[PDB]
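>>> Experimental structure and sequence below.
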Amino acid sequence: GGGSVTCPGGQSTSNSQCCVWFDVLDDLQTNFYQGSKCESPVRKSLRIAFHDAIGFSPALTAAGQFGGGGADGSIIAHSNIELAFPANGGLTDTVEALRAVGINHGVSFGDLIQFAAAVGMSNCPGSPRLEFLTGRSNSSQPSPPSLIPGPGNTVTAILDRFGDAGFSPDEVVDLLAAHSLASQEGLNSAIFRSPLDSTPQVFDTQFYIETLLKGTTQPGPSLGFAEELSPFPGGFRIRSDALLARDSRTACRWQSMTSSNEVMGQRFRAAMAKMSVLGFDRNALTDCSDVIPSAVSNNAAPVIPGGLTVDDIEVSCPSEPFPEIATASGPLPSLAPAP
Ligand code: HEM
Ligand SMILES: *[C@@H]1O[C@H](CO)[C@@H](O)[C@H](O)[C@H]1NC(C)=O
Ligand SMILES: *[C@@H]1O[C@H](CO)[C@@H](O)[C@H](O)[C@@H]1O
Ligand SMILES: *[C@H]1O[C@H](CO)[C@@H](O)[C@H](O)[C@@H]1O
Ligand SMILES: [Ca+2]
Ligand SMILES: [Ca+2]
């Protein structure tokens, strides 16, 4: 009930509580995203959205311990503690930028983190319009350690961690679609911002396709932590991604994610919707999704690049034949570092 309202700025929204977010939106797009760009800040933001929310463990709670508050913005309010975690390196600068936006505009760290991620993705072509709820308390307790899955973890360990959090193997695969807009800076400092897929600025299925290709080249002088050979020069491949793409428990869902950008988009949206509210009752929050702008549509079709073919794909789903995917001519492409 209530009805649509008009904000002070003339914008139309579903609830009055959404109005303050239009100010944050202008701030982020203007400053943080340096003109609504899809570069490092967007990737850092998405990474932070995950690392804040994932600090939620029903298992710890069942053992009589604090299991973490989930998407409570603890990674910021307790950055001194959480940024010490193995998986939270290279986030400090982004955390400080977000801390200031939240403090000034007066929005909670929890809400802001999920907001920034949704807004950031709208700057990258092909991205779906993520759900955005507001109303998370700004208060939090530091996240317990060892709750973030690591690149060197076995699939069994990764599935267990996510399972505890509330995600099925299929959902973990869906969640990894975020690596379609990713690079690494801390695994191998020798090759700064080496992309995970051939399109670090396009939310597409390229990540799922290329991760299944045979690893043939080494991007840098030496291998970094949890690094595997990749298919293209300049490209990077995380061990956990390589394993998940080929493990019988996740192989078919991963393969199903290669030919359809639309299917990928909603799967990621649904999985993200659940992650963004870990540690909260979504019914206690307010839906402000209409604040999130739409992104440019991706008209490029999925493809096996560089002259490689299905024969270069290490098909891991025994029950389904690899989908029909276009191929290309020209040589093997050299991937430039993500912007
Ligand atoms: C299942 C396990 C997952 C593992 C082991 C994992 C691991 C990693 C690692 C080691 C990096 C490189 C960090 C660096 O050295 O700069 C990375 C990057 C990234 N990850 Fe994941 N990740 C996982 C899931 C996710 C999820 C669920 C999301 C968000 C919805 C996400 C979003 C990102 C983004 C956007 C980057 C790129 C950062 C950049 O370009 O700066 N990841 N991830
Ligand atoms: C949220 O908490 C931080 C300290 O953890 C504080 O600096 C900030 O002003 C708070 N934000 C709001 C909206 O009260
Ligand atoms: C991709 O394109 C190349 C060159 O046309 C073929 O060799 C391959 O079979 C696939 O069609
Ligand atoms: C091919 O060229 C790109 C830059 O255009 C590099 O990033 C890659 O490592 C390889 O030298
Ligand atoms: Ca948290
Ligand atoms: Ca991509």
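Yep, it's here. Residues are numbered from 1 along each chain as shown. Ligands and ions are numbered 1, 2, ... in the order given.
>>> buried residues in stretch 272-286?
272-280, 285 (16 or more other C-beta atoms under 10 Å). Bear in mind the C-beta positions are built from the backbone N, C-alpha and C, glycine included.
>>> End to end on that stretch, go ahead and measure it.
Using C-alpha to C-alpha, to the nearest Å, one end of stretch 272-286 lies 16 Å from the other.
>>> That stretch vs ligand 5: in contact?
No: Stretch 272-286 stays clear of ligand 5 (C-beta under 5 Å from the ion), getting no nearer than 7.2 Å.
>>> chain center to that stretch, what's the gap?
17 Å (C-alpha atoms, centre = their mean, to the nearest Å).
>>> again, but for stretch 35-43
Worked out by C-alpha atoms, centre = their mean, stretch 35-43 lies 13 Å from the chain centre.
>>> Name the residues of that stretch that are buried.
Result for stretch 35-43 [16+ other C-beta under 10 Å]: buried residues 36-43.
>>> Thought residue 124 was touching residue 37, still the case?
No: at 9.2 Å, residue 37 does not count as touching residue 124 under the criterion of C-beta atoms under 8 Å.
>>> and the protein, which residues reach ligand 6?
Residues of the chain lying close to ligand 6 by C-beta under 5 Å from the ion are 180, 197, 199, 202, 204, 206.
>>> Any quick ChimeraX command for the buried ones out of these?
Buried residues among those (16+ other C-beta under 10 Å), as a ChimeraX selection:
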select :180,197,199,202,204,206
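>>> Among the residues of the chain next to ligand 6, pick out the one closest to residue 186, please.
residue 197 (18.2 Å; C-beta to C-beta).
>>> so who does that closest one touch?
Each residue near residue 197 by C-beta atoms under 8 Å, 6 or more residues apart in numbering is listed here: 179-180, 182, 204, 206-207, 210-211, 235.
>>> I'd like the distance between the residue lying closest to it once chain neighbours are set aside and residue 196.
Nearest non-adjacent residue to residue 197, counting by C-beta to C-beta, 6 or more residues apart in numbering: residue 207, 4.0 Å away. In this view, residue 207 and residue 196 are 6 Å apart by C-beta to C-beta, to the nearest Å.
>>> do the same with residue 275
From residue 275 to residue 196 the distance is 19 Å (C-beta to C-beta).
>>> ditto for residue 136
For residue 136, the distance to residue 196 - C-beta to C-beta - is 29 Å.
>>> Burial check on the closest residue to residue 87 other than its chain neighbours, number of neighbours?
Leaving aside its chain neighbours, residue 87 sits nearest to residue 148 (4.1 Å; criterion: C-beta to C-beta, 6+ apart). The number of residues packed near residue 148 is 19, by other C-beta atoms under 10 Å.
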